[PDB]
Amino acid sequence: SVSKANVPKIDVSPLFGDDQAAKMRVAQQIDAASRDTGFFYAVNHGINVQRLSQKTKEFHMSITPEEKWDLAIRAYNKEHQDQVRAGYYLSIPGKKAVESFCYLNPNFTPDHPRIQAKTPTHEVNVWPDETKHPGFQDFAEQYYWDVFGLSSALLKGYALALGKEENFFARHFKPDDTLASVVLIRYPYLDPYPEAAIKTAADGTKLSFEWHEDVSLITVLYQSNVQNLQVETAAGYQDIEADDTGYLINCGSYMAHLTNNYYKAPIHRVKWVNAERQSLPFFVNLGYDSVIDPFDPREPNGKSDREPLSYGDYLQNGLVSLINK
């Protein structure tokens, strides 16, 4: 059977402060994890994840079929042609077990210049009725900002890890324009669990989601304490232990591009588990026009033979391709 992946726990609390040497020692740990399996748990992160999980559970267990149609993305509801990313992603009982709710930057309001321009990947969030879900929109928008703050701190650590000044990524990660998304994913318990909703890997492993690299700079994930993720390493697929106190962090393919695969986007997949659980990723995206020149921390002159790629181009192309795969 399957070995346990090396997923260290890194105390990231110095990244919120002003002790520079202590931040360097965190950066080394991020470097090491990023060069090894590509995953680590951020601990001492400051976020109230238990309240996050409670508020999200109160949403998932009270939303009704009627509300799901009314919030649905265009893949499920042809009336909602402006909803490509943000909204409800329905289950299909008997066929597709997972369901989810995605929201974007709360600053993408009707008056935002990118919303006025109808720029791809920018949308105005949709929310359920306040009287049916009291406090949920306020909680969810505040969560966005709480995990944005953690993510900014982690990006300082990645920058220092790569030999850069600490604002190297974070200067492109701004409240007014970030393309970052939160997804509130419900994986259900079902008896019987329909086989059509279970995928099978080439090695026989039963899956809910097939192998992929993330479409992100980094991914900052809170999950229930139910083991399910696997990472491909040179030793094969290895189990990522659960830890519902920490945030599980990994690089996405934009980081791999920027660093010339020095920090790889690890390939991972989601095992099928018949359990009622949550998976709450924050996909750390930059702004639409953000471009960082690619570099290589293994080469003496730092030069890379990769071409600069705007984050908007990356993200549009990536979200489609992941849907296709």
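Definition used throughout: the rigid core is the maximal C-alpha set that superposes within 1.5 Å between two forms. The first residue of the sequence shown is number 1, and the count goes up from there.
- When the other structures are laid on the shown form by the core, the C-alphas of 148-156 and 229-237 differ in how far they drift in 9 other deposited structures of this protein; the larger average drift belongs to 229-237.
- Between 163-171 and 237-245, the higher mean Cα B-factor belongs to 237-245.
- Here the stretch with the larger average CA B-factor, out of 8-16 and 304-312, is 304-312.
- Out of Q227, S216, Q81, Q137, it is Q81 whose C-alpha atom has the highest B-factor in the PDB entry.
- In this PDB entry, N77 carries a Cα temperature factor that places it within the middle third of its chain's modelled residues.
- Placement of the Cα temperature factor of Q116 within the chain: middle third of the modelled residues, per the deposited record.
- The PDB entry assigns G252 a C-alpha temperature factor belonging to the lowest third of its chain's modelled residues.
- The entry lists a Cα temperature factor for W211 that places it in the middle third of the chain's modelled residues.
- In the PDB entry, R85 places in the middle third of its chain by CA B-factor.
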